[PDB]
Structures are given as C-alpha cells and as structure tokens.
Amino acid sequence: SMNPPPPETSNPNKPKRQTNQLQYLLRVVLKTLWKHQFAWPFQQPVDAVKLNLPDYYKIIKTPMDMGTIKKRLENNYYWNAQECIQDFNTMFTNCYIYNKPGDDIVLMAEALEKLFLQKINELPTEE
Ligand SMILES: CCc1c(C(=O)Nc2cc(S(=O)(=O)N(CC)CC)c(C)cc2O)[nH]c(C)c1C(C)=O
C-alpha cells in the first residue's frame, strides 16, 4: 500500500486557546526533544514506502510523530495538554510495538522518552 496521509494538524472547527501548559509543551518540551541527536527519525511520519517497510501501517494504525505534534501545537489543535502528551506517548509506544527490542530505533526512542518524562514533570501550573 501507499503511505497514509499524515495526521490532521489544523481543524478550523475546533475551538482555540492558549494556556501556560500548551505554550510550555511547544517552547520547552517539543523544542528540546526536536534538537536531540536522536530526534531525526521522529521528526516526520514514517515513510514506509521509501523505507521498504510494507507492514508498518498494517501494524501501526495510530501513527504519530513530532513534526505532526509541532504543527498541532502551532495550529491550536489541542485544547488540553493531555491531548498533546497522549500524542507523544503514542509515538513512543508505536516504536515499541513495531520494532524488535534492542534495535537502535528503540534505544533512540527510550532516550527521547526519558527526556520527555523529565520535561513533563516540570509542567507549569494549570489556570
Ligand atoms: C526504522 C524506521 C523508522 C524511522 C525512520 O525515520 N527511519 C529512517 C529515516 C531516514 S530518512 O528520514 O533520512 N529518510 C530519507 C529522507 C526517509 C526515507 C533514513 C535515511 C533511514 C531511516 O531508518 N522512524 C521511526 C519511528 C521508524 C520505526 C519503524 O519505528
């Protein structure tokens, strides 16, 4: 099969707000992970056609990646911070589901998740 379209990132029928937690998720959390030496495989959707991974989208039906999360934040897609945290968690579990343990991609995902969890523990106070 061809790749699926990427996840939706801007929905004009969704309400929009700025919150301290959402701003922190973009400016501190996403920004910090994005610049990590292991971020690159997670900066865009998996191109399963070009990577010749024909079963990727047979196994992974809720794909997610940081490029998508960044666009969601930039376009006010999320109302609650948990929606964003959930997308990060989906990205990491997809990696753990599809890949064999001990693969480099898994070790990279683990390092990113550790950094993510550290940053998530310092979320600012809710309004
Ligand atoms: C291992 C596949 C994968 C990636 C990934 O992105 N791998 C990848 C990307 C590129 S590439 O992005 O540079 N590239 C050239 C533009 C794509 C064709 C190259 C050159 C080699 C790679 O192994 N990410 C995730 C989450 C996964 C899995 C299955 O969990």
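Located above this text is the structure these notes cover.
Residues numbered from 1 in each chain as written, not as in the entry; some residues may be left out. Heavy atoms only, no water.

With respect to the element layout, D65 can be found in the loop between α2 (56–59) and α3 (66–74). Here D65 sits buried without a salt bridge, and the closest side chain of opposite charge, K71, lies 7.3 Å off (N-O distance). Within the structure, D65 has its side chain in polar contact with the side chain of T68 (distance 2.6 Å). If near-sequence neighbours (up to four positions away) are discounted, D65 is found in contact with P7, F42, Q43, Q44, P45 and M91. (Helix = DSSP H or I, 4+ residues; strand = E, 2+ residues; numbered from the N terminus. Buried < 20%, exposed > 50% of the residue type's maximum accessible area, 1.4 Å probe, protein only. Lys, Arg positive; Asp, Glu negative; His and termini not counted. Salt bridge = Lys/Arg side-chain N within 4 Å of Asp/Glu carboxyl O. Polar contact = N/O pair within 3.5 Å; in protein donor to acceptor, adjacent residues only side chain to side chain. Contact = heavy atoms within 4.5 Å.)

Okay, the packing of aromatic side chains next. According to the stated counting rule, one finds five aromatic pairs in the structure shown. Ring centres of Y56 and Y57 lie 4.9 Å apart, and the angle between their planes is 90 degrees; on these two criteria the pair is classed as edge-to-face. Of the two residues, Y56 and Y57, both sit in the buried class. Three or more aromatic residues link up through ring pairs in this structure, and these residues are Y56, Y57 and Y98. The side chain of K14 reaches across the aromatic face of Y77, ending 3.8 Å from its centre. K70 extends its terminal NZ or CZ atom over the ring of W34, reaching a point 5.9 Å from the ring centre. (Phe/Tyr/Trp six-rings, centres within 6.5 Å; stacked < 30°, edge-to-face > 60°. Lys NZ or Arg CZ within 6 Å of the ring centre and 35° of its normal.)

The next subject is the layout of surface pockets. For the largest pocket, the calculated volume is near 480 Å³. Forming the boundary of the largest pocket are 25 residues, of which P41, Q44, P45, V46 and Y56 lie nearest the centre. The set of elements that each furnish at least two residues to the lining of the largest pocket consists of α2 and α4 (81–98). Here the lining of the largest pocket is built from residues that sort into 19 nonpolar, four polar and two charged. (1 Å grid on protein atoms, 1.4 Å probe; cavity = no way out; pocket = protein on both sides within 12 Å on 5 of 7 lines; lining within 4 Å. Points joined across faces, edges and corners; volume = space filled by probe spheres on them. Nonpolar A, V, L, I, M, F, W, Y, C, P; charged D, E, K, R; others polar.)

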